[PDB]
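Letter by letter, the chains look like this.
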Amino acid sequence: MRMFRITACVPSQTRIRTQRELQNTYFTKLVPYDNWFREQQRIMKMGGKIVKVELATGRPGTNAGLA
Amino acid sequence: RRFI
Amino acid sequence: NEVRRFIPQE
Amino acid sequence: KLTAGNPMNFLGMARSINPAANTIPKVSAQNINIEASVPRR
Amino acid sequence: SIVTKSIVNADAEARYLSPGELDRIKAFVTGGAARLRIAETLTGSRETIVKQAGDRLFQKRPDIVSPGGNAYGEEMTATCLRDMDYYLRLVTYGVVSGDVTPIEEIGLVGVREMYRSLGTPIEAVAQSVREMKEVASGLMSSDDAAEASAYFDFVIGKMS
Amino acid sequence: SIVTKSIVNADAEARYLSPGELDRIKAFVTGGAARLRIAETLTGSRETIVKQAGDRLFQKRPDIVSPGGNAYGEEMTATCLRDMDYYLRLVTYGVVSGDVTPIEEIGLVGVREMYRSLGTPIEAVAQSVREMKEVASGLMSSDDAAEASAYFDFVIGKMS
Amino acid sequence: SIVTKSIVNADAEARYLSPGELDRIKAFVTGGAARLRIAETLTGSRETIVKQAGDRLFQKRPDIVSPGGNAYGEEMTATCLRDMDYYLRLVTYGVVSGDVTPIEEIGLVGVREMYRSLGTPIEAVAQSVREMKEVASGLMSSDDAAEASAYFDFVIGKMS
Amino acid sequence: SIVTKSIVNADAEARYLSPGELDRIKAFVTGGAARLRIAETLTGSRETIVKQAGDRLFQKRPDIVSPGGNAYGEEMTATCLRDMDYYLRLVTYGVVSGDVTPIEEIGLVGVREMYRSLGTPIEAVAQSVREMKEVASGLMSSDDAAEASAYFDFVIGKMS
Amino acid sequence: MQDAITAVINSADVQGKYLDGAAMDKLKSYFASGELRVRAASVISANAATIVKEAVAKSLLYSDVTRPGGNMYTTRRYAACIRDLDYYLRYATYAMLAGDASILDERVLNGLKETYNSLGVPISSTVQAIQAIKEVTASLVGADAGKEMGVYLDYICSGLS
Amino acid sequence: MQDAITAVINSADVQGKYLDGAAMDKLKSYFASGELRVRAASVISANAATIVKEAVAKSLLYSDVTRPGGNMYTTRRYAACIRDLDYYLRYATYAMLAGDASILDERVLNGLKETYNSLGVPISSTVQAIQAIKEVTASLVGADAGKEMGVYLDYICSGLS
Amino acid sequence: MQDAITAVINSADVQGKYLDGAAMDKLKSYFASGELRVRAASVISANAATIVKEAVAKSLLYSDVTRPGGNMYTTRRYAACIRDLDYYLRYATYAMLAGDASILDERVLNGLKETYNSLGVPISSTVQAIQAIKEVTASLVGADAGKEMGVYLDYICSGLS
Amino acid sequence: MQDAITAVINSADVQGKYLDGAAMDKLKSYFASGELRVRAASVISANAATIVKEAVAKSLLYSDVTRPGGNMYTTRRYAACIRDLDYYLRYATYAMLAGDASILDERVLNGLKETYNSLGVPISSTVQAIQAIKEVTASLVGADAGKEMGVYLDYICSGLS
Amino acid sequence: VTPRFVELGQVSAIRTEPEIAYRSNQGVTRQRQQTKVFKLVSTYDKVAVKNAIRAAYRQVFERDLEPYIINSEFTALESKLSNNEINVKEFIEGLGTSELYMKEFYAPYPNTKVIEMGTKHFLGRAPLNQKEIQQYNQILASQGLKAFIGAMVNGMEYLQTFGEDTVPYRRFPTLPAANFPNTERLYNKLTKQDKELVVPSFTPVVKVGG
Ligand SMILES: *[C@H](C)[C@H]1/C(=C/c2[nH]c(/C=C3N=C(/C=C4\NC(=O)C(CC)=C4C)C(C)=C\3CCC(=O)O)c(CCC(=O)O)c2C)NC(=O)[C@@H]1C
Ligand SMILES: *[C@H](C)[C@H]1/C(=C/c2[nH]c(/C=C3N=C(/C=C4\NC(=O)C(CC)=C4C)C(C)=C\3CCC(=O)O)c(CCC(=O)O)c2C)NC(=O)[C@@H]1C
Ligand SMILES: *[C@H](C)[C@H]1/C(=C/c2[nH]c(/C=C3N=C(/C=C4\NC(=O)C(CC)=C4C)C(C)=C\3CCC(=O)O)c(CCC(=O)O)c2C)NC(=O)[C@@H]1C
Ligand SMILES: *[C@H](C)[C@H]1/C(=C/c2[nH]c(/C=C3N=C(/C=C4\NC(=O)C(CC)=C4C)C(C)=C\3CCC(=O)O)c(CCC(=O)O)c2C)NC(=O)[C@@H]1C
Ligand SMILES: *[C@H](C)[C@H]1/C(=C/c2[nH]c(/C=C3N=C(/C=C4\NC(=O)C(CC)=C4C)C(C)=C\3CCC(=O)O)c(CCC(=O)O)c2C)NC(=O)[C@@H]1C
Ligand SMILES: *[C@H](C)[C@H]1/C(=C/c2[nH]c(/C=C3N=C(/C=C4\NC(=O)C(CC)=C4C)C(C)=C\3CCC(=O)O)c(CCC(=O)O)c2C)NC(=O)[C@@H]1C
Ligand SMILES: *[C@H](C)[C@H]1/C(=C/c2[nH]c(/C=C3N=C(/C=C4\NC(=O)C(CC)=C4C)C(C)=C\3CCC(=O)O)c(CCC(=O)O)c2C)NC(=O)[C@@H]1C
Ligand SMILES: *[C@H](C)[C@H]1/C(=C/c2[nH]c(/C=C3N=C(/C=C4\NC(=O)C(CC)=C4C)C(C)=C\3CCC(=O)O)c(CCC(=O)O)c2C)NC(=O)[C@@H]1C
Ligand SMILES: *[C@H](C)[C@H]1/C(=C/c2[nH]c(/C=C3N=C(/C=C4\NC(=O)C(CC)=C4C)C(C)=C\3CCC(=O)O)c(CCC(=O)O)c2C)NC(=O)[C@@H]1C
Ligand SMILES: *[C@H](C)[C@H]1/C(=C/c2[nH]c(/C=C3N=C(/C=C4\NC(=O)C(CC)=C4C)C(C)=C\3CCC(=O)O)c(CCC(=O)O)c2C)NC(=O)[C@@H]1C
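Here's a quick rundown of the structure. (Residues numbered from 1 in each chain as written, not as in the entry; some residues may be left out. Chains lettered and ligands numbered in written order. Part of a larger assembly, values for the part shown. Heavy atoms only, no water.)

Notes on the overall build of chain M
In step 1: The number of helices and strands found in chain M is 11 helices and zero strands.
In step 2: When the helices and strands of chain M are listed from N to C terminus, the series reads α-α-α-α-α-α-α-α-α-α-α.
In step 3: A globule of 210 residues ought to have a C-alpha radius of gyration of about 17 Å, yet chain M, at 21 Å, is considerably larger.
In step 4: Seen through its C-alpha atoms, chain M measures out along the principal axes to roughly 75 × 60 × 30 Å.
In step 5: Contacts in chain M between residues at least 24 apart in sequence constitute 66% of all its contacts with a sequence separation of at least 6.
In step 6: Looking at chain M, you have 27 positive and 22 negative side-chain charges, and the mean spots of the two groups are 3 Å apart. (Helix = DSSP H or I, 4+ residues; strand = E, 2+ residues; numbered from the N terminus. Rg over C-alpha atoms; globule rule 2.2 N^0.38 Å. Contact = heavy atoms within 4.5 Å. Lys, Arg positive; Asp, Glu negative; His and termini not counted. Charge placed at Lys NZ, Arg CZ, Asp CG, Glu CD.)

Here it is, written out as structure tokens:
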């Protein structure tokens, strides 16, 4: 399957958390192609900044053979 | 097509 | 050296 | 009588095969030099 | 069976069976009598298959029937041969069903826990399946033997 | 309804209704008679609103009332006008309630599934509602037409 | 404002604003003139609002301006008046936007943590805002004061 | 209790308690006798701890016992001592347990909501516990007081 | 959920009928009551915390429920009890505004008995507390609005009993 | 779910015995009907939407079920009934291919009556739509295949009453 | 996201000053344009699918983009393209209603340019399709509202470069 | 759940009592027993697998339970069974450390009798296997600790029947 | 005389052990407090990573996987999480879209029960209302199991509750009505305890259109 590798910085808005939060604040993750639109919308609504997007897996322009 |  | 059996224990 | 899966049903087969156990080996950790005998591929 | 394997796969996608899935069900039912013959061969020759496999196993793994070994002694050897007959009976379930579902759900799911608790060396159980495969593949034509081998090999691969 | 809509918005936040919401409710109840008059107008001229709008639709989309069209034949044509009657009645529900949820819950959730199952061209349904909006608008003053138009446009915007 | 709240609500359902939400927006912009009047009143009287509020608070709470009090001394008491001015400025922001959101985001999220760190008795801050509300409500009509009360109360409520 | 916490942690990871956990429980039970003595000290002097603390509290917060105050009058004053008695009793639970869990579970989760509903100045409740800590410290050795103060300090922090 | 207006609409819809004169009479009756409902709702919301405080004082405090071993004992349970009373008052205010109790059957009573019976919450004591809330709010909003709020608080109590 | 082959294999494994002659004949019987089932499943999947559409047209349309007050009335409830019929045909096709109704017991009928009773879905109307699914399906898969499909569409109907 | 009011608030707050005469003017201007924005928003929502239909027919159909080898070839990618345009118009409508493009920075131009460059979506063709949306909308909402919608649709276009 | 200490604390709190002499005695008794509890617990964990292995060997091997038609037949069921025995040993050790069986009522026995009757797990055989676990553990931890584990393993056995 | 403040804290009448046991365990279960939340704050500690993983299996599948797998199919998924290439949320969704999950909690049950077991495992609660049951029934009817799991774990509620770094866990929701008792009934049953629907559907108060 095609996959994106995305970097995002998601701040905290309505609370001052006391545990360590760096892991869920600035992170890089693999997102399946079929989840990126939804996932990108969710991060945007949570105030997150999408800092980097890459097509980690797959090729641009494929018509057949997406797995 | 009839509904009766 | 032990020899294990195949009978149910009573 | 013996039911299916009962190991008794294979006792006759086991005796027929009469497998040969290895002889009680002659080994002694005392006589083994560990650092010298461990392979070094 | 191959039928349940396909149905479960299509149901998880909320869809009817694909043309390919129907194709292999059609082929499976068409070649049914060949599978029932292979299954008929193994059942009839089970006693010689297990014994000759049991004999071959202990000559490659004499330790397991030596003092301290899991199959040490005649009574444990009888239990070990029983286990070979179990897995022989399951290979014949696989062939007739065209799918390894009967094998997995009866003899492989959780098997590592069972043999770990009993102390049986699992790689030696796999070896006994090889031996049964060889004794079996010489009792039938290559085409029939080849079909039977695929199911023996599945067990050998999963146990190893 | 405007009252239900604001209550569910307030409950979703586990809060009492805000002054802004309470003022909107106060205005709606105090302008109540004006809305009911518009609904009375639509209700009383429902025969002519549907007939004229239906007459215009088939002129605008003659294919739907041609061989192979979903509304071909007098009987299918009757069901199409019935459907238009359904949607007009819903518009009057929206007018008196000051909210579209009565329209949505009755005749827009799953509308695409329903009409694709029936084979009806949904965009032509959007056209039929559009036609009813002109006929209705021409039976009332501009300010009244604007109040009803909002609900006509909501139905049109959802099916289309 | 109610514009952002409506859009955020509409964007959660990936939909356009419904007619009811648009009507609420239209009412909100019409009442804008009244909102601006109140905010101008508070802004024009801010110096007197804070000064009188401070006097009222200190009479009620001599401990805070006594030795050992957080606001003790001219330098600290001036800083305390500055905070009262901050929250008056925030209440003005809430007035023009018709919502408490600017107040929450600038001055009420983590407010307890900050003042606890500074050793400021939060209940005395809550009291100061009550004093400003009293003085401010005396400079405008009953309706205007009632309008502005929601924002004064919101600050008090979040400081308990 | 460290014993409950360890089992909770161990079962959440579906494992036996680690050697480090068992060592902590061992040290916990060995130090039980010293914990019990401190509990006996506080339990023995219960009535004088509360009475002297209440008198100290009213000396520095006379408003709460003067007319109009939350604790004004004999009955309300006794209720205030009753509440102080509650928290002293919870402190003994924590001392014996070696942990604040009995204190938090019984008398601190939502304490702010409770006293706000009753109109009790919470900062005065925190003062009363401070008063009980000072009194109790003068009934036990310096080491014993330092151990007991962690539980008093836990209550005070949660009331601020 | 259904309010007074959608109750009229739903009764017409199930018969597939436009709203006739009688239906418009019902809508007019509710529109005429709108001002009373709105004013009462704003007074209740501005006094919600104090309404519950006085209801608790006269109905729950200094009894078995607040003494140790009692269901309201411990700060968490006391706080939960106040929160529950806040909910009942807030949903009654929704119902009073809507002029329809269906919200109570849907968003309050659904599974409530099962919840309280599993937790050991005293049903009689919560009913007495809600009745105290009914008395207190009536003395705040007047007899007419007090009796209207009484319908929907009494509706909750009858649901729990 | 178990198919016909699985039932034979499980009937022997529970006894711990190899497949004897009688078991081989049960496998042979199923192997004989493999083309009949596969062919029917091919056409059904090709015409699934059409079978439901015409089953509904012949069974539920232009009745009180779809008119105001009927359970299919409103576009939301129309779609829900269509979705349910899609379920019953797809799962009846599974059962037909497997020669066994276990999948209907597990994935369809378990708790279905509880669901419908809570939502007010009319059972008798649902049975008519399924019986109409059967008659439409039979006219398309031939008579022999439609007989086997009828067994499993009847099984759902039986499990619903 | 911030609307025109919250933008003016934020400008004063960052400097810690009250709303002065110039800031009040900006608030007044936004209030006076409110009816026109809500009018245009109502028009766009009624014709939103039609707007995208005609913008696509005008800028993308029957071209290399939709023929084999074009990025919009395949129904899969055609639908993905139609979705993007549908989201562009709706978010441009939010921005017009709010009178501020911040929502476009946060919920449109936040990772979108880098996603498009990863998949090989042609920005040039995307900008032309958006421009066609701007032309189609102006024919529906007039010139004063169409110019305002064009401001924010242009913001998206330049955001994608 | 509760351990020996919190049981005393909670029962005191229910009665609104400071820890009296009898409570202090119970606390002292648990503290004195603490050292032997941690020792037994450390022993059991080091031998957990061997304990269950021996218990199965002496209670559930070479019987009809492990043969075809027996509830332990098939590898997945054999694994599930010895997994269950591992549950009882571990939770019985938790209870031993806590000096309180409540964790067993809460995290072991809740729904267990129902679950076994649903799946056809033979409870008689299960209690035999637990009894065998009791004998094997006692041999490893000692007589005093063996009895303590015996209490809690018996508690599980009595909760099954 | 006995000090008044002492009398004001006294328990009327003597309390027997039954009353004491009942009063000691009244209210919400102590399991709400007596639990652990596995929040993977770092990937340097492989023991913590493995502990989070095994908790994930227990949450989603309701117990350890060993007795119903032949070999592990999640090894590459664990490798990705351990290498910080994915987050706990992606690992959790990877479990829900696995063949093992399909076998355990989709194939044995109707889609109605799949819904409530889904929300239990991935959201920690019973389904909220009929709208939620409708929403997931359409997803199952049209796209299948993987779409349903993806909807739950990628929704706003999941991220607000469990976020990206935390294994889901049992919740004790107060609102909305019936969510607490329904969630309680779901979590007070052992795995395969029965084949019954806790929440087949919410009985409507007002039938729109009927
Ligand atoms: C204080 C001296 C300066 C300052 C601080 C400041 N920080 C933030 C936000 C965050 N800070 C962190 C840092 C950490 N999180 C962790 O888990 C750890 C590791 C143990 C660290 C060091 C993070 C991650 C954030 C963002 C997420 C969050 O807050 O939970 C802010 C707010 C930023 C904003 O605009 O929201 C501020 C103000 N700012 C100054 O000016 C001081 C010099
Ligand atoms: C007219 C503008 C278009 C058209 C209409 C058309 N509709 C049908 C059949 C049905 N329409 C409905 C609709 C509804 N049911 C509800 O509960 C609601 C309330 C909001 C609606 C809108 C239903 C249920 C049917 C089925 C028949 C029945 O009423 O039982 C037809 C007949 C199709 C057929 O083959 O029978 C037609 C023709 N057709 C067009 O082409 C126009 C665009
Ligand atoms: C004394 C330092 C302060 C004070 C006390 C005070 N409290 C009340 C009334 C109540 N206090 C409680 C407290 C608790 N219940 C619990 O479960 C716990 C933990 C175990 C606590 C601490 C309760 C429940 C009440 C309500 C009455 C009842 O017990 O039934 C009062 C009386 C208030 C009134 O108006 O009745 C007072 C005076 N008041 C102060 O001013 C001091 C700062
Ligand atoms: C107060 C008059 C009485 C009282 C209350 C009390 N309630 C609980 C616990 C819960 N209350 C609810 C109720 C609701 N949840 C909803 O969604 C709604 C619908 C609007 C209602 C009414 C629930 C679900 C719970 C359990 C979950 C939770 O508490 O969050 C408690 C116990 C709290 C505890 O933590 O143990 C108490 C004390 N108790 C009395 O004695 C009064 C008569
Ligand atoms: C059509 C022949 C009849 C009809 C149907 C109808 N059903 C519902 C609602 C639901 N139907 C189901 C069914 C299933 N879920 C499963 O997992 C299975 C196994 C495959 C089945 C069959 C469910 C769960 C629901 C509720 C969720 C949902 O609606 O998606 C409705 C809607 C009822 C309502 O008012 O909500 C309807 C209309 N109704 C008739 O009148 C026909 C006779
Ligand atoms: C003929 C049986 C039916 C019909 C067809 C019809 N289609 C169009 C326009 C388009 N069709 C496509 C389809 C595809 N493009 C792809 O890449 C794929 C996969 C290979 C498909 C299936 C496209 C993209 C278009 C848009 C035009 C373009 O090529 O850019 C039309 C014209 C519609 C119009 O108004 O332009 C028509 C007529 N119409 C019917 O009524 C038949 C049922
Ligand atoms: C249409 C005018 C042009 C076009 C579009 C196109 N886009 C994609 C894929 C994606 N588009 C997006 C877009 C967004 N994500 C957001 O958060 C926002 C704000 C609302 C937008 C606009 C995303 C995330 C993707 C990837 C994920 C997904 O599509 O679900 C494609 C598909 C490419 C592929 O290889 O499948 C296409 C075709 N293409 C053209 O040629 C037009 C000019
Ligand atoms: C022989 C190739 C190897 C071997 C075998 C061996 N096995 C056991 C004991 C058992 N084996 C099983 C196996 C199964 N039960 C099932 O249900 C299935 C599928 C149907 C299988 C494969 C079981 C359950 C047992 C327990 C005994 C019982 O039947 O009750 C032993 C004896 C173990 C002991 O010490 O008692 C042995 C020797 N051992 C080897 O060394 C060979 C590699
Ligand atoms: C072994 C001595 C006996 C035996 C066991 C057996 N159990 C099952 C299945 C389950 N056992 C449980 C029990 C628990 N799960 C828990 O979480 C706890 C609390 C800590 C307990 C006590 C459960 C819930 C199941 C089902 C779910 C699961 O397996 O994970 C089986 C399998 C039954 C089947 O049909 O698959 C077996 C075989 N069987 C015997 O014959 C022995 C006497
Ligand atoms: C063996 C020939 C050599 C070797 C291997 C080694 N690898 C790692 C760690 C990782 N390896 C991978 C690779 C993959 N993960 C996947 O999911 C797949 C795709 C199917 C691959 C190829 C990853 C991701 C890691 C990191 C995460 C993890 O631990 O799984 C290590 C461990 C390094 C460490 O200290 O963590 C090692 C040892 N090492 C040698 O020396 C050999 C030459």
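Description of the nonpolar core
In step 1: One finds F:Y87, H:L42 and H:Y87 to be the most contacted residues of the largest nonpolar core, which totals 417 residues.
In step 2: Sort the elements by how many residues they give to this core and helix α2 (residues 21-59) of chain L lands first, with 15 residues.
In step 3: Residue contacts for H:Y87: discarding those within four places in its chain leaves H:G107, H:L108, H:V111, H:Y115, H:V125, H:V129, H:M132, H:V155, H:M159 and I:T75.
In step 4: Within the second largest apolar cluster, 113 residues are counted, among which are G:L36, G:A53, G:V96 and K:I133. (Core = buried A, V, L, I, M, F, W, Y, C linked by side-chain atoms within 4.5 Å. Buried < 20%, exposed > 50% of the residue type's maximum accessible area, 1.4 Å probe, protein only.)

Notes on helix α7 (residues 111-118) of chain H
In step 1: Of all the positions in α7(H), only H:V111, H:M114, H:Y115 and H:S117 are classed as buried. Buried residues of α7(H) fall within an arc of 155 degrees about the axis and therefore sit on the same side.
In step 2: Next to the buried residues of α7(H) lie α5 (74-97), α6 (101-107), α8 (122-137) and α9 (142-158) of chain H together with α4 (48-59) and α5 (75-98) of chain I.
In step 3: At the C-terminal side of α7(H), H:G119 shows a positive phi close to 70 degrees. (Arc of directions from axis to C-beta.)

A look at the site of ligand 3
In step 1: What surrounds ligand 3 is a group of 28 residues, the closest being H:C80, H:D83, I:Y62, I:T66 and I:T74.
In step 2: Here a nitrogen atom of ligand 3 and a side-chain polar atom of H:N70 are 3.1 Å apart.
In step 3: Residue I:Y62 places a main-chain N or O atom 2.5 Å away from an oxygen atom belonging to ligand 3.
In step 4: Elements supplying a minimum of two residues to the shell around ligand 3: α5, α6, α7 and α8 of chain H.
In step 5: Ranked by residues supplied to the shell around ligand 3, first place goes to α5(H) with eight residues.
In step 6: Within the shell around ligand 3, the residues separate by chemical class into 19 nonpolar, seven polar and two charged. (Near = heavy atom within 4 Å. Polar contact = N/O pair within 3.5 Å; in protein donor to acceptor, adjacent residues only side chain to side chain. Nonpolar A, V, L, I, M, F, W, Y, C, P; charged D, E, K, R; others polar.)

Regarding the sheet that holds strand β2 (residues 26-32) of chain A
All names here are of chain A.
In step 1: Strands sit in the order β2-β1-β3 across an open sheet of three strands; the sheet is antiparallel. Since the sheet does not close on itself, it has two edges, and those belong to β2 and β3 (49-57), each with one partner. Averaged over all pairs of adjacent strands, the angle between strand axes in this sheet comes to 20 degrees, irrespective of strand direction.
In step 2: Bridging between strand β1 (residues 3-9) and β2 involves seven bridges; their strand directions are antiparallel. When the bridges of β2 are listed, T7 appears paired with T28. (Pairing = 2+ DSSP bridges. Axes fitted to C-alpha atoms, helices over the stretch in contact; angles between N-to-C directions.)

Observations regarding a nonpolar patch on the surface
In step 1: Taken together, the side chains of D:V27, D:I32, D:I34 and D:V38 make up a nonpolar region of the molecular surface, amounting to roughly 400 Å² of accessible area.
In step 2: By the secondary structure assignment, D:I32 is in the loop between α1 (11-17) and α2 (34-37). (Patch = residues over 30% accessible without salt bridge, like charges linked within 9 Å, V, L, I, M, F, W, Y side chains within 5 Å. Areas by Shrake-Rupley, 256 points an atom, 1.4 Å probe, with all protein chains shown as cover. Salt bridge = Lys/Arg side-chain N within 4 Å of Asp/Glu carboxyl O.)

Thoughts on the interface of chain E and chain C
In step 1: Taken together, the contacts link six residues of chain E with seven residues of chain C.
In step 2: Carbon and sulfur atoms supply 60% of the area that chain E and chain C bury against each other, a total of about 600 Å² over both sides.
In step 3: Looking at the side of chain E facing chain C, the largest losses of area belong to E:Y72, E:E75 and E:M76, adding up to 73% of the total buried there.
In step 4: At the surface where chain E touches chain C, the tally comes to one salt bridge.
In step 5: With its nearest N and O atoms 3.0 Å apart, the salt bridge here joins C:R5 to E:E75.
In step 6: On inspection of chain E and its partner chain C, the count reaches two residue pairs in polar contact.
In step 7: Across the side of chain E that touches chain C, the residue classes tally to three nonpolar, two polar and one charged. (Buried area = accessible area lost by both parts, 1.4 Å probe.)

Focus on the interface of chain L and chain H
Reports often express the size of an interface as the amount of accessible area lost when the parts come together.
In step 1: Across the boundary between the two partners, chain L contributes 35 residues, which contact 33 residues of chain H.
In step 2: Taken together, both faces of the contact between chain L and chain H bury some 2900 Å²; the carbon and sulfur share is 70%.
In step 3: When the buried area of chain L at its contact with chain H is split by residue, L:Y18, L:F31 and L:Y94 rank highest and sum to 27% of it.
In step 4: Along the contact surface separating chain L from chain H lie five salt bridges.
In step 5: In this structure, the connection of chain L to chain H is made through 12 residue pairs in polar contact.
In step 6: Mapped onto the side of chain L that touches chain H, the elements with two or more residues apiece are α1 (4-14), α2, α3 (75-98) and α4 (102-107) of chain L.

Some remarks on the environment of M:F91
All names here are of chain M.
In step 1: Position of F91 relative to the elements: it lies in helix α5 (residues 88-96).
In step 2: Measuring from C-alpha to C-alpha, the distance between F91 and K146 comes to 14 Å, with 55 residues separating the pair along the chain.
In step 3: Setting aside anything within four residues of it in sequence, one finds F91 in contact with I53, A56, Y57, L77, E78, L81 and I86.

Digging into the pattern of salt bridges
In step 1: Under the criterion given, the structure shown has 105 salt bridges over all chains.
In step 2: One salt bridge in this structure joins M:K36 and H:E13, with 3.2 Å as the shortest N-O distance. Taken together, the positions of M:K36 in the loop between α2 (17-24) and α3 (46-61) and H:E13 in the loop between α1 (2-12) and α2 (19-30) put the pair across two chains.
In step 3: Assessed through its relative accessible area of 30%, M:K36 is described here as partly exposed.
In step 4: We classify H:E13 as buried; its relative accessible area is 12%.
In step 5: A single network of salt bridges, built from pairs that share partners, joins A:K29, A:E39, A:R42, M:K89, M:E90 and M:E164.

Description of unusual backbone geometry
In step 1: The step from M:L175 to M:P176 runs through a cis peptide bond, and the omega angle for that step is 0 degrees.
In step 2: Position of M:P176 among the secondary structure elements: in the loop between α10 (156-161) and α11 (179-187).
In step 3: Its identity is not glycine, yet G:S160 carries a phi of approximately 45 degrees, on the positive side.
In step 4: On the secondary structure map, G:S160 appears in the segment after α9 (142-158).
In step 5: Not every positive phi belongs to a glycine, and M:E62 is a case in point at roughly 80 degrees.
In step 6: Within the secondary structure layout, M:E62 lies in the loop between α3 and α4 (75-82).

Re the site of ligand 10
Residues and elements named next belong to chain M.
In step 1: All residues in the neighbourhood of ligand 10 are listed as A76, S79, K80, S82, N83 and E85.
In step 2: In this structure, an oxygen atom belonging to ligand 10 sits 2.3 Å away from a side-chain N or O atom of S79.
In step 3: The fraction of the free accessible surface of ligand 10 (890 Å²) that becomes covered by protein chains is 22%.
In step 4: Counted by class, the shell around ligand 10 contains one nonpolar, three polar and two charged residues.

Some details on the packing of helix α5 (residues 73-97) of chain G against helix α8 (residues 122-137) of chain G
Residue and element names in this part refer to chain G.
In step 1: It is at 10 Å that the axes of α5 and α8 come closest, and there the two elements cross at 60 degrees. Between α5 and α8, the angle is such that the two are oblique. Like other packed secondary-structure pairs, α5 and α8 cross with a definite hand, here right-handed. Facing α5, whose interface residues are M84, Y87 and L88, α8 presents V125, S128 and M132. (Parallel < 35°, antiparallel > 145°, perpendicular 65-115°, else oblique. Left-handed = near helix turned anticlockwise from the far one by under 90°.)

Quick look at helix α3 (residues 32-44) of chain G
All names here are of chain G.
In step 1: With 13 residues, α3 should reach 18 Å at 1.5 Å per residue; the first-to-last C-alpha distance of 18 Å fits that figure.
In step 2: For α3, the set of buried residues is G32, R35, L36, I38, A39, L42 and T43. One face of α3 carries all of its buried residues, which in axial projection span an arc of 160 degrees. Along α3, exposed side chains directed more than 90 degrees from the buried face belong to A33, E40 and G44. (Expected span 1.5 Å × (residues − 1).)

These results come straight from atomic positions and should not be treated as a statement about function.
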